[PDB]
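Peer 1: Submitted below is the structure of interest, expressed as structure tokens.
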Amino acid sequence: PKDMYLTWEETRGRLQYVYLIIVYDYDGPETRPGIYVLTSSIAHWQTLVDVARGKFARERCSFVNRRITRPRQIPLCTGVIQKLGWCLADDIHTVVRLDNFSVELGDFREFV
Amino acid sequence: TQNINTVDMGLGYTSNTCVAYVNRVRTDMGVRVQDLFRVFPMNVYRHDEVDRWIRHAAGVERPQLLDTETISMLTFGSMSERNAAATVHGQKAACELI
Amino acid sequence: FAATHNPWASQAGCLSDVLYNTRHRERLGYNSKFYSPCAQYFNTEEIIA
Amino acid sequence: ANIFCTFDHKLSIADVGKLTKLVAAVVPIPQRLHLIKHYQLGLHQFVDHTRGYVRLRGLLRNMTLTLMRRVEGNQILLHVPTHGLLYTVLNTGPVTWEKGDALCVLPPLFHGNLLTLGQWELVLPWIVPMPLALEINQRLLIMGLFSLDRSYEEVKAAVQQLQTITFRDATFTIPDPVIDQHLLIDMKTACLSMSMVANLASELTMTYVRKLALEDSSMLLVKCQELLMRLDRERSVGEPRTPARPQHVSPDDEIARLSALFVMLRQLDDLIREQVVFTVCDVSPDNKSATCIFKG
Amino acid sequence: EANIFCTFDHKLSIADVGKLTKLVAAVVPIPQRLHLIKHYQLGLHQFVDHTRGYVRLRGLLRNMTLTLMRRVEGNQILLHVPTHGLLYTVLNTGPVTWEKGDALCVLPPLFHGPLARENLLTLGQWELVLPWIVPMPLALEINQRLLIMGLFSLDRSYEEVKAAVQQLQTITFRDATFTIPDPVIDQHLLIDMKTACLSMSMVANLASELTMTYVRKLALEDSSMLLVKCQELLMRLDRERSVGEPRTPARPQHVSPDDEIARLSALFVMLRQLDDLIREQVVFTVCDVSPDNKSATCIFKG
Amino acid sequence: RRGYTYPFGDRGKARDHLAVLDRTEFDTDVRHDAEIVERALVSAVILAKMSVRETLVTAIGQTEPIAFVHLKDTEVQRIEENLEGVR
């Protein structure tokens, strides 16, 4: 899907891993969770979380803003990473879909 | 793997065993008594200063700073001797009874 | 043919039977790695069973 | 890899009939040794009065699990599972399983049909779904936090409410962590550690947002500092004027604060995390065994 | 895909192939994951650059994929990328004591202390330096000491930070001693401090009115060794804050245990988030070690 | 605040009476004020009695009398003269 797909890359890495990422933007009154499918050349989890923190610090400040504006309501999380697998840089097809897809149903790994 | 097994076919005690001949003494046969402040390491006096004075006057050192091996020393039973440098008399062995 | 040569050691309730009994050391959290050589005469579950 | 677990004792055929009901169950082993005795089998090597719970969960992180495969008359073929391939395990714990649930492993405190020898017993860990595992983990930890003040009665009603556990066909009695008005020692260290971490989290961020916002200071740091001000204002509202934090601190006391914070954070990983072991597949009828993938 | 071939540029002496053939079943980090590579992309010497930062090598080494060395035949070494869950063997070049049942991590090469400079492979302007396959508690201690050296060193003169860092760089692990060579303040280290600060403040907010005072309750109640060793720290804290007395805690007013369960759940979320910044992933879990600690086998990928 | 900073013998029995002392709040009417000050006062005097470690009476169903603590007897007579003049 062209709407949910995004990256921060020239997508010229060879092995493109994929990552499901959702967020929790509290600029709306209840929540406006931006669901996203994210490819990346980067494969390690932690440094990817750091790059995502560098990209999504607006949702973090919105998270702390929800915490100060409503103490009784508990803030649940900020976002959850889960890898799905990996492909090749030519396997994309502009709705963007993949011809081969190795699967890896990883874990719900949260982050703030 | 050879799965052997054996059956005793004795009415009483066939086999004997004699302590025959001694080579050496592995221990110290010394007077270094068993120090209680490791075998009961968590217990301290309620007043802080008197416990500081007692551990000063007995030579036994307090925990210097709180690290994970000290926590494992308090919770588990661990290697809390931190063994001597030179060892010319083998092991060390005694205890206490009032 | 006496009563007891050490009244601070024999009866269940003295200091040594709560200092060297293994089943009484567990009520005080002792360092398990040390071999107390006196701990063979002071037990009861090892002795009476 | 195979493990052969023999018994030095005499094995009664009635106990063989008991043991063949354990055709495929999870058992832990302290070290991967090819030929092993039965004294290292199970969790009877760690049971006592004084250690209790957290010691077993700590010692379960580094143990390797295995499955019984077949039964010879004096040795058991234990089979260490490998990742990705799937096996059929048995539902040992009291909770029944459902499809798709991630299975975690927990020491059986409540346990109460086991192999019986003269000094050695067999005890098998509970194979519980992960949300129930985290649920009873935080239930036991809050029940350990409340352990000092049960002389009052609404807190007795609170721990009585926390005593039971709601799940599908499940009313368990989680055992009391405090025994004879005293806490067992590892839970005492655990609750003390999270208490002091909660204290130093309050008492050090008031310095470190100042120490860190002399760099690029985004709105994250600003709202963090206002939240810290809210915490300070709601903390010392019933107190005299202010805590009045100073700026010129000795270095080594700060080192002893921060190292203590991290080293007591280090001994809480066994409670905050969960080893997922099995992701279950299609279950047998009446839910007494299931084919499961070993996600280890 | 599982096998990759690295070819050398220089001619290889008998000493070169003899040094290489002792490196069977050793670890090699490869960044690029290409099927064929030159020796400039081998190992770690392409990114070894001192006066830059140990956290830089710790960051980029975390992204590089691993392999094992086998079937060396001259002008090719045939590295084999291990896959998940299978049983492989590993020879430790670094002088680290290995114990069974232990889980391993990858760290950049911190020097042993004599500075042996055993490059163990000779080229004209190239070396084969290796990352250290290290047990999990040592790597956890390295990350912890690294973050402590990061947080402490802000806004400090050289004097007190020298007298502290000369104590903090020294580590001990099983009758050994290592140091951290390039501990400098970098950007990734800085953003990890900011996330740790946010997480610690979230732990500060998400504590109830009874978990905060539990250590105070036990300080009234009991006197163990670690009770005193924590009470001195909290007492020095509260005495540097206020010159009054640390108050006895009160009765718990509002008890409604679902708030406490959700409170501890949010505390657990933030504490796992804080804990992941020092914990690295397990890259090898051992099965059995040689009695010489020269090699072992391991059931994990690279 | 003087009760929290003070070291007593035991802390739970002092603690719930201090908690009683924290619940001294009033309304606009004065009918309930004259009955909440007696519970505030019995809590204050049992803190006064337990702070010096003096023996308070502990009969079954017994109340502590509202008494001044550690004063001279002529000062007691003078202060009761003043309170009678208020009466």
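Residues are referred to by chain and number: the chain letter is A, B, ... according to the order shown in the structure tokens, the number counts from 1 in that chain, and ligands are numbered separately from 1 in the order shown.
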Segment 194-199 of chain E: which residues within 10 Å, counting only C-alpha atoms, same-chain residues fewer than 4 positions away excluded, as an NGL selection string?
Peer 2: (:A and (50 or 53 or 60 or 64 or 112)) or (:D and (201 or 204-206 or 208-209 or 212-213 or 220-221 or 224-225)) or (:E and (147 or 151 or 188-190 or 203-205 or 267 or 269-275 or 277))
Peer 1: What's the 12 Å shell around segment 27-44 of chain C, counting only C-alpha atoms, without same-chain residues fewer than 6 positions away, as a ChimeraX atom specification?
Peer 2: /B:33-43,72-81,92-98 /C:9-21 /D:48-51,179-180,182-186 /E:224-225
Peer 1: Counting only C-alpha atoms, collect the residues of chain F whose closest atom lies at most 12 Å from chain E, and write them out as a list in words.
Peer 2: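 Written out as asked, the residues are residues 1, 2, 3, 4, 5, 6, 7, 8, 9, 10, 11, 12, 13, 14, 15, 16, 17, 18, 19, 20, 21, 22 and 23 of chain F.
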Peer 1: Those same residues - N, CA, C and O atoms - I'd like them written as a tab-separated table (two decimals), in the first residue's frame.
Peer 2:
chain	number	residue	atom	x	y	z
F	1	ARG	N	3.97	17.38	61.53
F	1	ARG	CA	5.34	17.38	61.02
F	1	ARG	C	6.34	17.13	62.12
F	1	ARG	O	7.37	16.48	61.90
F	2	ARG	N	6.07	17.61	63.33
F	2	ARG	CA	6.91	17.28	64.46
F	2	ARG	C	6.77	15.83	64.88
F	2	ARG	O	7.68	15.28	65.50
F	3	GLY	N	5.65	15.19	64.55
F	3	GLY	CA	5.51	13.78	64.83
F	3	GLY	C	6.22	12.89	63.84
F	3	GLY	O	6.72	11.83	64.21
F	4	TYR	N	6.26	13.30	62.57
F	4	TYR	CA	6.96	12.49	61.57
F	4	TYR	C	8.47	12.52	61.79
F	4	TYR	O	9.14	11.50	61.65
F	5	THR	N	9.00	13.68	62.17
F	5	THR	CA	10.43	13.80	62.41
F	5	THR	C	10.86	13.23	63.75
F	5	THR	O	12.07	13.18	64.01
F	6	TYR	N	9.93	12.81	64.59
F	6	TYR	CA	10.37	12.40	65.91
F	6	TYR	C	10.51	10.89	66.00
F	6	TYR	O	9.65	10.16	65.49
F	7	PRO	N	11.56	10.41	66.63
F	7	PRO	CA	11.69	8.96	66.83
F	7	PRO	C	10.98	8.47	68.08
F	7	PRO	O	11.29	8.89	69.20
F	8	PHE	N	10.02	7.57	67.90
F	8	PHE	CA	9.31	6.96	69.01
F	8	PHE	C	9.87	5.57	69.27
F	8	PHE	O	10.89	5.16	68.70
F	9	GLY	N	9.21	4.84	70.16
F	9	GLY	CA	9.53	3.44	70.36
F	9	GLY	C	9.11	2.61	69.16
F	9	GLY	O	9.96	2.09	68.43
F	10	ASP	N	7.81	2.50	68.95
F	10	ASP	CA	7.28	1.77	67.81
F	10	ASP	C	6.58	2.75	66.87
F	10	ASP	O	6.07	3.79	67.30
F	11	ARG	N	6.56	2.41	65.59
F	11	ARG	CA	6.18	3.39	64.59
F	11	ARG	C	4.79	3.17	64.00
F	11	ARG	O	4.22	4.12	63.47
F	12	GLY	N	4.23	1.96	64.08
F	12	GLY	CA	2.91	1.75	63.51
F	12	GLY	C	1.81	2.35	64.35
F	12	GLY	O	0.88	2.99	63.82
F	13	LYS	N	1.89	2.17	65.67
F	13	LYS	CA	0.90	2.75	66.57
F	13	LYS	C	1.02	4.26	66.61
F	13	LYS	O	0.01	4.96	66.69
F	14	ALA	N	2.23	4.79	66.52
F	14	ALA	CA	2.36	6.23	66.35
F	14	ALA	C	1.89	6.66	64.97
F	14	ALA	O	1.38	7.78	64.80
F	15	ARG	N	2.00	5.77	63.99
F	15	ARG	CA	1.76	6.15	62.60
F	15	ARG	C	0.28	6.31	62.31
F	15	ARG	O	-0.12	7.26	61.63
F	16	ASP	N	-0.56	5.41	62.81
F	16	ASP	CA	-1.99	5.56	62.51
F	16	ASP	C	-2.59	6.72	63.31
F	16	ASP	O	-3.55	7.35	62.86
F	17	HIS	N	-2.03	7.02	64.48
F	17	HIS	CA	-2.50	8.19	65.22
F	17	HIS	C	-2.03	9.48	64.56
F	17	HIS	O	-2.76	10.48	64.56
F	18	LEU	N	-0.84	9.47	63.96
F	18	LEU	CA	-0.44	10.57	63.11
F	18	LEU	C	-1.33	10.69	61.89
F	18	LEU	O	-1.62	11.80	61.43
F	19	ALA	N	-1.80	9.56	61.37
F	19	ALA	CA	-2.73	9.59	60.24
F	19	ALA	C	-4.08	10.15	60.65
F	19	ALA	O	-4.76	10.80	59.85
F	20	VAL	N	-4.49	9.87	61.89
F	20	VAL	CA	-5.68	10.51	62.45
F	20	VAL	C	-5.46	12.01	62.54
F	20	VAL	O	-6.34	12.82	62.20
F	21	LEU	N	-4.26	12.41	62.95
F	21	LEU	CA	-3.90	13.82	63.01
F	21	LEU	C	-3.85	14.48	61.64
F	21	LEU	O	-4.02	15.70	61.54
F	22	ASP	N	-3.60	13.71	60.58
F	22	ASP	CA	-3.65	14.30	59.25
F	22	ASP	C	-5.07	14.53	58.77
F	22	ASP	O	-5.27	15.30	57.82
F	23	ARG	N	-6.06	13.90	59.39
F	23	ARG	CA	-7.44	14.04	58.96
F	23	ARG	C	-8.20	15.10	59.74
F	23	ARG	O	-9.43	15.06	59.79
Peer 1: Tell me which protein, DNA and RNA residues are within 6 Å of segment 101-116 of chain D, counting only C-alpha atoms, leaving out same-chain ones fewer than 3 positions away, and put them as number ranges by chain.
Peer 2: D: 121-122, 125-130, 276-280
Peer 1: May I ask you to extract the residues of chain A within 7 Å of chain E, using only C-alpha atoms, and to give them as a list in words?
Peer 2: residues 43, 44 and 111 of chain A
